[PDB]
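Enquirer: Below: one structure in structure tokens.
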Amino acid sequence: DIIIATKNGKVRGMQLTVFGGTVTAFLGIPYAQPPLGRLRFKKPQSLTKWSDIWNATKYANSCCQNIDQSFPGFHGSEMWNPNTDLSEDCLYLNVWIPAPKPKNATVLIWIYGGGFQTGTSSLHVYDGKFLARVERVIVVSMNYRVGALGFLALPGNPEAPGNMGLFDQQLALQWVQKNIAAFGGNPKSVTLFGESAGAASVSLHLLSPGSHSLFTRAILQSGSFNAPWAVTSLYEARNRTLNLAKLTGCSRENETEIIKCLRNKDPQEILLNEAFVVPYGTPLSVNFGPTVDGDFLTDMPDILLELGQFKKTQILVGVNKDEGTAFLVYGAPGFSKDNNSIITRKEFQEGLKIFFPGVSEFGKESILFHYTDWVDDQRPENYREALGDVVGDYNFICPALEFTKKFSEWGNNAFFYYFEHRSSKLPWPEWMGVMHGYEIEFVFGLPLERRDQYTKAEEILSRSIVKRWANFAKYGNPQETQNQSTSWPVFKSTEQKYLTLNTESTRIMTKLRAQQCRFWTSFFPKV
Ligand SMILES: *[C@@H]1O[C@H](CO[C@@]2(C)OC[C@@H](O)[C@H](O)[C@@H]2O)[C@@H](O[C@@H]2O[C@H](CO)[C@@H](O)[C@H](O)[C@H]2NC(C)=O)[C@H](O)[C@H]1NC(C)=O
Ligand SMILES: CCCCN[C@@H](Cc1c[nH]c2ccccc12)C(=O)NCC[C@H]1CCCN(Cc2ccccc2)CC1
Ligand SMILES: *[C@@H]1O[C@H](CO)[C@@H](O[C@@H]2O[C@H](CO)[C@@H](O)[C@H](O)[C@H]2NC(C)=O)[C@H](O)[C@H]1NC(C)=O
Ligand SMILES: *[C@@H]1O[C@H](CO[C@@H]2O[C@@H](C)[C@@H](O)[C@@H](O)[C@@H]2O)[C@@H](O)[C@H](O)[C@H]1NC(C)=O
Ligand SMILES: *[C@@H]1O[C@H](CO[C@@H]2O[C@@H](C)[C@@H](O)[C@@H](O)[C@@H]2O)[C@@H](O)[C@H](O)[C@H]1NC(C)=O
Ligand SMILES: *[C@@H]1O[C@H](CO)[C@@H](O)[C@H](O)[C@H]1NC(C)=O
Ligand SMILES: *[C@@H]1O[C@H](CO)[C@@H](O)[C@H](O)[C@H]1NC(C)=O
Ligand SMILES: [Cl-]
């Protein structure tokens, strides 16, 4: 009933009833020629004009990916698996615009995480219709190729240059540039936001010169490119794809002939060998991920960060209180989502070997040293809580803090939050705490659905969070001005102030996990 004319053709949307109002969803618009046939592994190719009206009325195909199978029938895990047909034909995106059509609204662009191996924009917790409704921003999300099909790399070779998933992202950003005006959006006020691997994607779009002109601002949720899992080395990248070449019988001398050999293999056989390529995998392993390809990424990101080579603008950055616990039940011994996983000193030690496999015996002892100095002896949760902190502090909280320090050191406004509210609809047990990934729903305004059994404190917090994100998007400043909400101070290198987000106190604190992270960011990286 509502048709928006785009630069490639007409598209018919769909009308949703949201909170006594209306949002217009355009679900499943393609933003690239499908990366099939000879196009597999190659950069996303431009999409040529269509003559008809494309029907963007259902989510499109999710890109190929392995599914999480460790808890069949358990919502806490299955809520993250694709809710849409897998297919190599998956370069599509979604647009939620407020009804009535705005004049030119801030656009929020969501980039999902999932280790760069999994994920889809279709997910229930990435629904932008609440944001379009409640704050009159336009929400855009895109599907981008993951795992090997998105990030397999023989650096140099254009048949598989690496970073194709990032280029998918970027070409969707280009689409919002050429097209969001027709939807009533302002291409000049575009805020990227994403979570974990999506957050690290957003941070890399700050470094990549071809994205500098495609967005204004950046929100980084539980992830940043300087995290240990974010970049696979050029050594690792090559050893990873050769392992894949052996395991599919495509081992050749000629590099390009390897590639087209892996191009007549089917998505299923490629998907199934991807898991075995990681020499010693961990719950945190990125089988096939971002590389310094020389195209999207011209140098090693930690040097671009260290010497100020990034887009100058405001960042909103933050992490959750128990980032690390989700991964503990994917391999660590003595752990379980179904009991309270009290572990002993020897199970903890065995857990370090599982999360730090190729790390020195003395390196692992150093982790044990800094994290086993209890305030007190007999508290049996000590080892269980410690291994969660170790994995959280090392993988998320401290790369994020370090990213924000170094990024603020170049004069730009930065805001750090510490999300510490555990969802009352949280399917995982309570020892797991304020888990990785479970701020997302608050950011998207789901607790504003009074029908969805969230408590009223939750609805309030999500409303405040949603106002802070929209104000950051619109005005570069994540305050809630109207109600008497705590002012959110900018994060500066000396004082390192951050805002805590929760049901009760919105309090201002300083120097989060400071002692833990002098360890990780300045002693451990040497072992
Ligand atoms: C918490 O649970 C783990 C694992 O197990 C449970 C809940 O899930 C898997 C089932 O097959 C088990 O029967 C059990 O219901 C316990 O860890 C196990 O401990 C055993 C000693 O009793 C060892 O022989 C096993 O190797 C070990 N298995 C794993 C996967 O860790 C753990 O002891 C439980 N802890 C508490 C405090 O209940
Ligand atoms: C040889 C072994 C390969 C392991 N390959 C990883 C890929 C990966 C997924 N995620 C990750 C988050 C950080 C780092 C890496 C990854 C893997 O499969 N690890 C299993 C544990 C995660 C499964 C996904 C579901 N959980 C919730 C969640 C949260 C945020 C975004 C999406 C999903 C997270 C635990
Ligand atoms: C939408 O908002 C933007 C402001 O963000 C307006 O963009 C202006 O575009 C003209 C075009 O020549 C420029 O000269 C102005 O400098 C822009 N404004 C700013 C503040 O930079 C735009 O006019 C608005 N209205 C629309 C698109 O209808
Ligand atoms: C695209 O969609 C067109 C519209 O179908 C109808 O649209 C509105 C008015 C609702 O009543 C909806 O339930 C209907 O399905 C179709 O007529 C057209 O054939 C479609 N074209 C393609 C290529 O899918
Ligand atoms: C890929 O690498 C596997 C492990 O190699 C060992 O560990 C790495 C981290 C380096 O220290 C390296 O020098 C070691 O040899 C090998 O087992 C495997 O054969 C390699 N695969 C290919 C195709 O080369
Ligand atoms: C590999 O085969 C391709 C065939 O397209 C050829 O162009 C290339 O020269 C070969 N590799 C080398 C190193 O010559
Ligand atoms: C501010 O207070 C009003 C009082 O009714 C409340 O409804 C609203 O959700 C609060 N938050 C805002 C406007 O961000
Ligand atoms: Cl929806």
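When we follow the entry's author numbering, the leftmost residue of the sequence shown carries the number 3, and every step to the right adds one.
Backbone N, C-alpha and C fix where the C-beta goes; we use that ideal spot for every residue, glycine too.
Less than 8 Å between C-beta atoms, sequence neighbours within five positions excluded: which residues of the same chain meet that for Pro-157?
Expert: For the purposes of this step, residue 157 is identified with residue 155 of the sequence shown, where counting begins at 1. Contacts found: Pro-163, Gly-164, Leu-236, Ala-239, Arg-240, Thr-293, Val-294, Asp-295, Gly-296.
Enquirer: Just verifying my parser: in three-state terms, what is the DSSP assignment at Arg-240?
Expert: One-based indexing of the sequence shown puts residue 240 at position 238. Residue state, collapsed to three classes: helix.
Enquirer: Mind checking whether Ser-123 and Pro-269 have CB atoms under 9 Å apart?
Expert: Taking the first residue of the sequence shown as 1, we reach residue 123 at position 121. Taking the first residue of the sequence shown as 1, we reach residue 269 at position 267. No, these two residues do not count as a Cβ contact at 9 Å.
Enquirer: What is the rounded straight-line gap between the Cα of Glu-197 and the Cα of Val-204?
Expert: Here residue 197 refers to the residue found at position 195 of the sequence shown. Here residue 204 refers to the residue found at position 202 of the sequence shown. Each residue's Cα considered, the two are about 9 Å apart.
Enquirer: Can you say whether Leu-274 is buried or exposed, counting buried as having 16 or more other CB atoms within 10 angstroms of its CB?
Expert: As a working note, residue 274 is residue 272 in the sequence shown. The residue is exposed, with fewer than 16 neighbouring Cβ atoms inside 10 Å.
Enquirer: Ligand 6: which residues have Cβ under 5 Å from any of its heavy atoms, chain order?
Expert: Here the residues come out as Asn-256, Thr-258.
Enquirer: Is it buried or exposed, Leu-307, if we count other Cβ atoms within 10 angstroms and call 16 or more buried?
Expert: Taking the first residue of the sequence shown as position 1, residue 307 is located at position 305. Answer is buried; the Cβ neighbour count reaches 16.
Enquirer: Tell me whether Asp-268, by its Cβ, gets closer than 8 Å to a heavy atom of ligand 8.
Expert: Here residue 268 refers to the residue found at position 266 of the sequence shown. Incorrect: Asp-268 has no Cβ contact closer than 8 Å to ligand 8.
Enquirer: Tell me the rounded alpha-carbon separation between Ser-224 and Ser-53.
Expert: Taking the first residue of the sequence shown as position 1, residue 224 is located at position 222. Taking the first residue of the sequence shown as position 1, residue 53 is located at position 51. Spanning the two alpha carbons is a distance of roughly 42 Å.
Enquirer: By the 10 Å Cβ neighbour count, where 16 or more other Cβ atoms means buried, how is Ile-99 classified, buried or exposed?
Expert: Here residue 99 is taken as the residue at index 97 of the sequence shown, counted from 1. By the neighbour-count rule (16 or more Cβ atoms within 10 Å), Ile-99 is buried.
Enquirer: In chain order, what are the residue ranges of uninterrupted beta strand (DSSP E) at least 3 long that sit wholly in the region 118-199?
Expert: If we require 3 residues or more, the beta strand (DSSP E) runs fully inside the region 118-199 come out as 140-144, 187-197.
Enquirer: Can you give me the C-alpha to C-alpha distance between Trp-490 and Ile-305, rounded to a whole angstrom?
Expert: In the sequence shown, the residue the question calls residue 490 occupies position 488. In the sequence shown, the residue the question calls residue 305 occupies position 303. Cα-Cα distance, rounded: 30 Å.
Enquirer: Could you tell me whether any non-hydrogen atom of ligand 5 is closer than 8 Å to the CB of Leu-244?
Expert: As a position in the sequence shown, residue 244 is number 242, starting the count at 1. Yes - ligand 5 has a heavy atom lying nearer than 8 Å to the Cβ of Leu-244.
Enquirer: Measuring from each Cβ to the nearest heavy atom of ligand 8, keep the ones under 5 Å and list them in chain order.
Expert: Here the list is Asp-129, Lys-131.
Enquirer: Could you name each continuous alpha helix (DSSP H) segment of 4 residues or more that falls completely within the region 442-527, going from the start of the chain to the end?
Expert: Runs of the alpha helix (DSSP H) inside the region 442-527: 442-446, 458-477, 516-520.
Enquirer: Would you say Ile-399 and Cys-519 are within 9 Å of each other, going by their C-beta atoms?
Expert: Position 397 of the sequence shown, counted from the start, is the residue given in the question as residue 399. Position 517 of the sequence shown, counted from the start, is the residue given in the question as residue 519. Taking 9 Å as the Cβ cut-off, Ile-399 and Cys-519 qualify as a contacting pair.
Enquirer: For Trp-376, count neighbouring Cβ atoms within 10 angstroms of its own Cβ and tell me buried if that reaches 16, exposed if not.
Expert: Start at 1 with the first residue of the sequence shown, and residue 376 comes out as number 374. Classification of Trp-376: exposed, given that the 10 Å Cβ count is below 16.
Enquirer: Cβ-heavy atom distance between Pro-74 and ligand 1 below 8 Å?
Expert: In the sequence shown, the residue the question calls residue 74 occupies position 72. No.
Enquirer: Cα-Cα, which of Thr-234, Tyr-419, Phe-227, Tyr-385 is closest to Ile-510?
Expert: As a working note, residue 510 is residue 508 in the sequence shown. Comparing Cα positions, the closest option is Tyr-419.
Enquirer: Taking 8 Å as the threshold, find out whether the region 326-338 comes into contact with the region 431-439 through three or more Cβ pairs.
Expert: They touch, by the three-pair rule.
Enquirer: Counting by C-beta, which residues lie closer than 7 Å to a heavy atom of ligand 3, in chain order?
Expert: Qualifying residues, in the order they occur: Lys-105, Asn-106, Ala-183, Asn-188, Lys-190, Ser-191.
Enquirer: Taking the DSSP output, what are the residues bridged to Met-302?
Expert: In the sequence shown, counting from the first residue as 1, residue 302 sits at position 300. Note: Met-302 sits in no beta bridge, so no partner.
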